[PDB]
Amino acid sequence: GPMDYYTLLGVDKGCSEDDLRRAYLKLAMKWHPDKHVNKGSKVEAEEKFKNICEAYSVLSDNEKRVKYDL
């Protein structure tokens, strides 16, 4: 299973959908492929960006979020 999605995004389990979006934008920008494409951090960032997008894709969906919380 995944490392916890909330912790990855730096949010608490009871945060709002807008909190999730703000955290996603901040962290996705940190690891954005357009920043890392010519650096040795390309691989690190690819993995982190992927996991950030996965965390947001689950937690931003009301039903998938409640299922994750079970």
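Method of determination for the deposited model, per the PDB record: X-ray crystallography, at 1.379 Å resolution.

Participant: Explain the pattern of salt bridges to me, using residue names and the numbers behind them.
Facilitator: If you walk through the whole model with that rule in mind, you get four salt bridges. When the shortest N-O distance is used, the salt bridge between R22 and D19 registers 2.6 Å. Of this pair, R22 and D19 both sit in helix α2 (residues 17-30), three residues apart, roughly one helical turn. Given the relative accessible area of 28%, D19 is considered partly exposed. One salt bridge in this structure joins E47 and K50, with 3.4 Å as the shortest N-O distance. Separated by three residues within a single helix, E47 and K50 lie in helix α4 (residues 42-59), roughly one turn from each other. Residue classification places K50 among the partly exposed positions, given a relative accessible area of 43%.

Participant: Give a description of the packing of α2 against α4 that names residues and reports values.
Facilitator: The interhelical angle for the contact between α2 and α4, taken along N-to-C directions, is 170°, at an axis separation of 10 Å. By the criterion of interaxial angle, the relationship of α2 to α4 is roughly antiparallel. For the pair α2 and α4, the contacting residues are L20, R21, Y24, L27 and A28 in the first and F49, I52, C53, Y56 and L59 in the second. Across the contact of α2 with α4, the residue classes break down as nine nonpolar, no polar and one charged.

Conventions used here
Residues numbered from 1 in each chain as written, not as in the entry; some residues may be left out. Heavy atoms only, no water. Salt bridge = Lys/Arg side-chain N within 4 Å of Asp/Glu carboxyl O. Helix = DSSP H or I, 4+ residues; strand = E, 2+ residues; numbered from the N terminus. Buried < 20%, exposed > 50% of the residue type's maximum accessible area, 1.4 Å probe, protein only. Axes fitted to C-alpha atoms, helices over the stretch in contact; angles between N-to-C directions. Parallel < 35°, antiparallel > 145°, perpendicular 65-115°, else oblique. Contact = heavy atoms within 4.5 Å. Nonpolar A, V, L, I, M, F, W, Y, C, P; charged D, E, K, R; others polar.

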